[PDB]
Structures are given as structure tokens and as C-alpha cells.
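J.: Here it is: the structure, laid out below.
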Protein chains: 2
Amino acid sequence: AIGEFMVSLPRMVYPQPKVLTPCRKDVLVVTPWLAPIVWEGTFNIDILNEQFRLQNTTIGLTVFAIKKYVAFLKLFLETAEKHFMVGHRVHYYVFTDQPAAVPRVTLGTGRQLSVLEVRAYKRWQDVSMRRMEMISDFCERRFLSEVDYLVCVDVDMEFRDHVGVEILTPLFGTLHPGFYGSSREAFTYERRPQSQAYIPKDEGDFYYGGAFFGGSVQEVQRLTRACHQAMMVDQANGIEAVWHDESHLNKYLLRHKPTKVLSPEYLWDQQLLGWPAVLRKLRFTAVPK
Amino acid sequence: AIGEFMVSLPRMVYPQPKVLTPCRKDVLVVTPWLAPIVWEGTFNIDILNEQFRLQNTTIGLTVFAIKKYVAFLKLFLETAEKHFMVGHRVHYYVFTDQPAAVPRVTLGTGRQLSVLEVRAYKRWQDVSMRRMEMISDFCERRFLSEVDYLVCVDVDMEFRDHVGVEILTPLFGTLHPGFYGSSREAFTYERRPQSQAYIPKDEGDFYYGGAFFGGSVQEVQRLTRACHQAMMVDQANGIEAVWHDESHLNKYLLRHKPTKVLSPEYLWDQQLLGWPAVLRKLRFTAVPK
Ligand SMILES: CCCCCCCCO[C@@H]1O[C@H](CO)[C@H](O)[C@H](O)[C@H]1O[C@@H]1O[C@@H](C)[C@@H](O)[C@@H](O)[C@@H]1O
Ligand SMILES: CCCCCCCCO[C@@H]1O[C@H](CO)[C@H](O)[C@H](O)[C@H]1O[C@@H]1O[C@@H](C)[C@@H](O)[C@@H](O)[C@@H]1O
Ligand SMILES: [Mn+2]
Ligand SMILES: [Mn+2]
């Protein structure tokens, strides 16, 4: 569980934090609303692992594999096994229209997988968007009783390096790899005032990627419910946001600030963007098309 | 209240956060367990004020004025009125053995003061230490029903600049002004293994000041209860920690990491330490003796 009585940490030996030395000199490591921005060098994973293990934390990972995207599951799950929350309780939730096409991946102890059969929409845009409805529906069902945190990701990806408890917080978004260095005017927010996702050119903190968000079950339920309801209003008004669920995610996170923001280490495409000096690790990356 | 359903922030116009520009290049702004370290330049107070006002946050401020220390109350309260949580609901709790010696200070709207009569101990050390017992006792009483957060400070001080909602979090400590640049071996932790406050020379993150700590009512109750019980064990074993309540505070915060750490802007002595370049503001300072 979360916010529960917490026992004392054991004696630990680690380097003393240096008050007069910035942990990074090249990047912003805290938002103006005092949310950590997670980069390599900002955290001691040993301290964090202790804190979260002592709370017997369970992390749910949601992934949608509809139609041809079932092909991405084998690599996704195999690499998650080597890099995602290793040492902690993990529950994978695979949403699919083809339960029989889910590969039999060998899981480490304390880790489990559930196949959730859902309907397949025709348009790739609707498949992508209706994740919000499907996540919200299963929150008020399975997730509240089974996991402490939910992490919601795209399937056409692989883990290449550590993704662990440093990301866990009531509500998080991830800096989109294409726009972390862009000015807000250049962000591809929905710009039509007729849409619920609308953000004016003088507003916005970051451009968050639709491919990687999460938080506590309660906060993820709230986010997904709000995005789905906003998308239903748009549909009733005959408008579809420029970047679909991602546009609505960005509107939500503008109005409800995330309690952590993940750096582009956590959402990357090496083929398109290379490997900049600013990224000490590439953790979760696009699969070459 | 806290952790309650939160409505959307309104449209706000402010400078875009700069991902590729550190907010400070001279100091550590986040702990290795991902707690913000609060310095000027790390936060946008307009965003934070919005977030906390929308939750109708009430802050309790505890202060002990025993025996001759009643003389410090007038300046303490007057300066708190100009700098402490202005715009938010504030409840001052003045613990004293002389209710009649509490000065009549004019308060802004939405701010109130309660005088709590307590016994005066002979030794200044016991007066200082027994704050832990007295805060814990009043938590399980008044504080839980009246405030969302508690801030616990020394009285022989004055506010000189903004102390606001940027400090609020489940549990916070403050970097002691004498030791923020010191190595852990030099910290004046309790070093005798016979004391409950004992910390070995290879452990410790920071040296926190006993003069400024706080958090949610629940977390402050836990801290104060734990420190009082540890002090009672020490007394039974015929040992008194080198720096009294401060030694126990440091042991507690080592084993239960704070969710924010305040910079020495929030706890300073200009007479003894001057005004270093690293401090852009002096917010809460010792009164010249
Ligand atoms: C000025 C520099 C402009 C260059 C910016 C290049 C990144 C573009 O990124 C696309 O951004 C869109 C929002 O505007 C959507 O999020 C889309 O899903 C994404 O493409 C996805 O993520 C990408 C990283 C790739 O993996 C692509 O194949 C994916 O479909
Ligand atoms: C290497 C540089 C060594 C120089 C360090 C100088 C700061 C010493 O600080 C004292 O530290 C003690 C712990 O070791 C206690 O917290 C004590 O209350 C505090 O004095 C208090 O706070 C001070 C800031 C002064 O206001 C003093 O008058 C107070 O009694
Ligand atoms: Mn994709
Ligand atoms: Mn003092």
C-alpha cells in the first residue's frame, strides 16, 4: 500500500550528498512547482529501493496490443523482465483483441501477467484514444485491489536500461523526446479553441509524451476518466484533437501538475534522435520500424 | 485538508520552465531520495499559492515562550504577520508558562492565535527537549482538527523575508546554518552508542536544525512522539544527547527521510555567519543577543 505507517530504514553506507555541488549542471532537475525531474545522477537507487520495498509496493504495467501490435509483445515483456522494477512486485496487464497471440514469456518471482480481452477499433487513432476509457474502467475494477501504482506505456518499445521505483509518485508525465528543448510556442498542443484539449500559445510547461505516464491508482483513474470524458465532448462537437489521447494528456497535466516528471531517458527513439550528451542512459526506446 | 480531490488550476501566464538550464548552478536542489531542497530560484510561488489555496490549506505554527523567552514574542509574531504564509489560513500556537505576558499582536484576516499554558522546567535543556512531548500531546488533541500542516520553530528569531507554501510537504527538515558545507564526520551528531540518538561517522545525509521542522499533522505527531520516546529511554539510561532534541531530530530524519529539505535561507544567523553569495534571501534569522 501507499501512505501507510513506515518503519525505519536500516543503517546504510553511501556517499554523502554534496550541498554545494549541483547533481546536474546541464539540465533542470526540479520543476517550478517543486516536482523532481528524473535524470541519471539525481537519485540513489539503493535508498529508493529500501523505501519502496519496506512498503511492499506493487506496480501495475498496462500495455495495449491490438491487431498487428501483438507482434511487439515478446520483446516488450522480455526486456521489461530485465529492466522494469526488478526486485519489486509487478503485475502486467495486457489488453488485446487476440488473447491466443500473447507470447508465453518466462517471469521472475513475484511477477504476474493478466490478459484482458477488449474490442478492437478500426481506426488506429481510436485504438490509441480508447486506452483512456479502458484503463479507467479497469481501475475501478482490478487495479484498486491489486496494485499500488499504475504505469501506462506504448507496446512498440523495448527496455534497454533501468526503469525502477525512482519514477513512482502520485502523478507523473514524461518529457516527449522530440520536444524537450523546444519553446512552448513550438509544442504541438491542440490549438483549436473548439476542442477540450486546447492550450493557447502562451501557456504550457512541457510537452508530455502519450507513450509513458502513470502514478497511484487513484490519480491515474482521475487522469484517464478526465481525458476520456474530454474526448467524448470533442466527439459530440465533431472535433478530434491533433495528437489524440496525447493532446488530452497534455491539457490534463497543464491543469493538474505532475508530482514527478520523467526525463527523455524514459522515452526515446535512437533511430530518429541519436544519443545526445544530455542522456547518460537510454532506458525505454522505440523499436526500429 | 490534504490529499483531497483537487480542481483544475486556472489559466496562468508565466515564464516557461527551461529543461536545458539548471535552476541553480551553485547548489544541490534535490536530495538523492528525490526530495526538493528549497532555495530561491527553484520555485514559482504563484503556481504553488494557487495549488495550496485551492485546497484551503491551514498552517499551524508552534512556538515556545517559557520564562524569559516571552520577550521574543512581539517581534516574532509581528514579523510572522508580514512574511509567514500571507494569504493562507494560519493558526499560531503559543506555548507559555506566562499567558499574561503574551503581547497583543494585531493579526491579518484568516489568522488566529491560541495561548497554551504549560509547565516550565528548570533546565533550559529540558524546556527545549520537552517541546517534543508537548507538540505530540497537542497533535492528538487540537492540531488534527484545526490545521493541515504544522511548522515548529524557535521563538528567539524574526522573519525578514517570504516563508510560504513552498515549504509544505508531509515531512520537512532544515539545513542547519553552521554545517551546510560540512562533511558528515564533522557533524555534531550524538556519537555515543549508548544513546538512542547515536549516528556513526559513516552515516548521515545532512545536519538538520532543531529550530525549524514540520510537515503534515500526522507526520509531525509521528516525529515528535518518536523523539520523546527516545529521550525517555536515554533518561532511563542516564544519558543526555549532546544537542538534546536536535540530536534526536537528526536521528529520526536519517531513518525517515524528509519529503522536502529547506535551505539555510530558512534558518540563519547573520551576526555569526554574514551573508554568503549562496543565499539570495535571508528569510528567518536569529535575533542579535
Ligand atoms: C523540431 C523537431 C521536430 C522533430 C520531432 C520528431 C519527434 C516526433 O514524434 C512524434 O511527435 C508527435 C507530436 O508532435 C506524436 O507524439 C507522435 O506520436 C510522435 O511520433 C512517435 O514518436 C517518435 C519519437 C517516433 O518514434 C515516431 O515513429 C512515433 O510515431
Ligand atoms: C565549522 C564551523 C563551526 C561554526 C558553527 C557555528 C554554528 C553553531 O550553532 C550551534 O550549533 C549547535 C550544533 O552543533 C546547536 O544547534 C546550537 O543550538 C547552535 O547555536 C544556535 O544557532 C547558531 C546559528 C547561533 O544563532 C547560536 O547563538 C544559537 O544558540
Ligand atoms: Mn508507436
Ligand atoms: Mn536560540
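The chains in the C-alpha cells are called A, B, ... from first to last as shown; in each chain the residues are counted from 1, and the ligands are counted from 1 in the order shown.
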Kindly determine which residues of chain B lie within 8 Å of chain A, considering only C-alpha atoms, and give the answer as a VMD selection string.

T.: chain B and resid 7 to 14 16 to 36 42 to 45 47 to 48 166 180 to 181 183 to 184 202 to 206 255 to 256

J.: For the residues in that selection, give me N, CA and C atoms as a compact mmCIF listing (two decimals), in the first residue's frame.

T.:
# COMPACT_ATOMS: atom_id res chain seq x y z
N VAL B 7 -9.40 20.43 -7.81
CA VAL B 7 -9.91 21.07 -9.02
C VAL B 7 -8.77 21.57 -9.91
N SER B 8 -9.11 21.88 -11.16
CA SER B 8 -8.14 22.37 -12.14
C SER B 8 -7.58 23.75 -11.76
N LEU B 9 -6.30 23.96 -12.06
CA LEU B 9 -5.71 25.30 -11.97
C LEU B 9 -6.32 26.19 -13.05
N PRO B 10 -6.43 27.50 -12.79
CA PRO B 10 -6.88 28.42 -13.83
C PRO B 10 -5.77 28.66 -14.84
N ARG B 11 -6.12 29.25 -15.99
CA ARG B 11 -5.11 29.76 -16.92
C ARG B 11 -4.16 30.68 -16.17
N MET B 12 -2.86 30.47 -16.36
CA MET B 12 -1.82 31.32 -15.79
C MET B 12 -0.77 31.64 -16.84
N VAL B 13 -0.24 32.86 -16.81
CA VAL B 13 0.83 33.26 -17.73
C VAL B 13 2.12 33.45 -16.93
N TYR B 14 3.12 32.62 -17.21
CA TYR B 14 4.41 32.70 -16.53
C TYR B 14 5.52 32.15 -17.43
N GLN B 16 8.15 29.99 -19.26
CA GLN B 16 8.27 28.55 -19.48
C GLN B 16 9.49 27.98 -18.75
N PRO B 17 9.31 26.84 -18.04
CA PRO B 17 10.50 26.18 -17.47
C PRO B 17 11.50 25.84 -18.57
N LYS B 18 12.79 25.96 -18.27
CA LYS B 18 13.85 25.69 -19.24
C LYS B 18 14.51 24.34 -18.93
N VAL B 19 14.17 23.32 -19.71
CA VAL B 19 14.68 21.95 -19.49
C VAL B 19 16.21 21.86 -19.52
N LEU B 20 16.83 22.65 -20.40
CA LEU B 20 18.28 22.59 -20.60
C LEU B 20 19.03 23.71 -19.87
N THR B 21 18.39 24.28 -18.85
CA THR B 21 19.03 25.26 -17.98
C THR B 21 18.76 24.89 -16.52
N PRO B 22 19.83 24.57 -15.76
CA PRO B 22 19.65 24.29 -14.34
C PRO B 22 19.10 25.53 -13.62
N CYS B 23 18.21 25.33 -12.65
CA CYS B 23 17.65 26.46 -11.91
C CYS B 23 18.66 27.05 -10.92
N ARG B 24 19.61 26.23 -10.49
CA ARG B 24 20.76 26.69 -9.71
C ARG B 24 22.00 25.94 -10.19
N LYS B 25 23.12 26.65 -10.31
CA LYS B 25 24.38 26.04 -10.73
C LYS B 25 25.38 25.94 -9.57
N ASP B 26 24.98 26.45 -8.41
CA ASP B 26 25.88 26.56 -7.25
C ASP B 26 25.50 25.65 -6.08
N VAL B 27 24.29 25.07 -6.13
CA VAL B 27 23.78 24.27 -5.01
C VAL B 27 23.04 23.01 -5.48
N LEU B 28 22.95 22.04 -4.57
CA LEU B 28 22.10 20.86 -4.75
C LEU B 28 20.64 21.22 -4.51
N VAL B 29 19.78 20.98 -5.51
CA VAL B 29 18.35 21.34 -5.40
C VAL B 29 17.41 20.14 -5.21
N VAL B 30 17.97 18.94 -5.20
CA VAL B 30 17.18 17.73 -4.95
C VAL B 30 18.04 16.70 -4.20
N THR B 31 17.47 16.08 -3.18
CA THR B 31 18.21 15.05 -2.42
C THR B 31 18.33 13.76 -3.25
N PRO B 32 19.22 12.84 -2.84
CA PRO B 32 19.32 11.55 -3.54
C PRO B 32 18.08 10.65 -3.39
N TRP B 33 17.16 11.00 -2.49
CA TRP B 33 15.87 10.30 -2.42
C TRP B 33 14.76 11.12 -3.07
N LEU B 34 15.16 12.08 -3.91
CA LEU B 34 14.25 12.86 -4.76
C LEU B 34 13.32 13.79 -3.97
N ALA B 35 13.82 14.32 -2.86
CA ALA B 35 13.13 15.40 -2.15
C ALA B 35 13.71 16.75 -2.60
N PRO B 36 12.86 17.70 -2.99
CA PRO B 36 13.35 19.05 -3.31
C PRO B 36 14.09 19.68 -2.13
N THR B 42 14.20 28.01 -7.24
CA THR B 42 13.71 26.66 -7.51
C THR B 42 12.19 26.62 -7.72
N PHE B 43 11.48 27.62 -7.21
CA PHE B 43 10.02 27.58 -7.23
C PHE B 43 9.38 28.84 -7.80
N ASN B 44 8.22 28.64 -8.43
CA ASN B 44 7.34 29.73 -8.83
C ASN B 44 6.23 29.81 -7.78
N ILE B 45 6.28 30.85 -6.95
CA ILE B 45 5.37 30.98 -5.82
C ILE B 45 3.91 31.17 -6.25
N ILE B 47 2.36 29.65 -8.85
CA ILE B 47 1.83 28.30 -9.07
C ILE B 47 1.53 27.62 -7.74
N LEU B 48 2.50 27.63 -6.82
CA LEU B 48 2.31 26.99 -5.51
C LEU B 48 1.17 27.59 -4.69
N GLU B 166 5.83 26.98 -0.29
CA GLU B 166 6.94 26.20 -0.86
C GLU B 166 7.54 25.21 0.15
N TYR B 180 25.98 23.42 6.71
CA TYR B 180 25.52 23.04 5.37
C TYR B 180 26.67 22.67 4.43
N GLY B 181 27.84 23.26 4.64
CA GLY B 181 29.03 22.94 3.83
C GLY B 181 29.99 21.94 4.45
N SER B 183 31.45 18.23 5.99
CA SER B 183 31.41 16.79 5.75
C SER B 183 30.74 16.12 6.94
N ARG B 184 30.16 14.94 6.71
CA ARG B 184 29.39 14.24 7.75
C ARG B 184 30.18 13.92 9.02
N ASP B 202 30.19 7.29 9.58
CA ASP B 202 30.00 6.98 8.16
C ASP B 202 28.53 7.04 7.70
N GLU B 203 27.65 7.53 8.57
CA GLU B 203 26.24 7.73 8.24
C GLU B 203 25.83 9.19 8.35
N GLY B 204 24.74 9.55 7.67
CA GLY B 204 24.20 10.90 7.76
C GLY B 204 24.12 11.56 6.39
N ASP B 205 23.00 12.24 6.14
CA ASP B 205 22.81 12.99 4.90
C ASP B 205 23.15 14.45 5.12
N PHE B 206 22.51 15.04 6.12
CA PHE B 206 22.64 16.46 6.43
C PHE B 206 22.62 16.65 7.94
N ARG B 255 16.65 8.15 9.52
CA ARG B 255 15.93 6.88 9.36
C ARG B 255 14.58 7.01 8.64
N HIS B 256 14.04 8.23 8.63
CA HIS B 256 12.79 8.56 7.95
C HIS B 256 13.04 9.83 7.13

J.: Enumerate as a count of residues only the residues within 9 Å of ligand 4, counting only C-alpha atoms and all ligand atoms.

T.: 7

J.: How would you write, as a PyMOL selection string, the set of residues in region 58-289 of chain A that DSSP gives as helix (DSSP H, G or I)?

T.: chain A and resi 67-83+99-101+124-129+131-146+165-167+184-186+217-236+244-255+264-266+270-273

J.: Report as a PyMOL selection string which protein, DNA and RNA residues come within 10 Å of ligand 1, using only C-alpha atoms and all ligand atoms.

T.: chain A and resi 156-157+176-183+186-189+207-211+242-247+267-273+285-289

J.: Which parts of region 24-145 of chain A does DSSP call strand (DSSP E or B) when run on the backbone here, written out as an MDAnalysis selection string?

T.: chainID A and resid 30 36:38 58:65 84 89:96 111:117
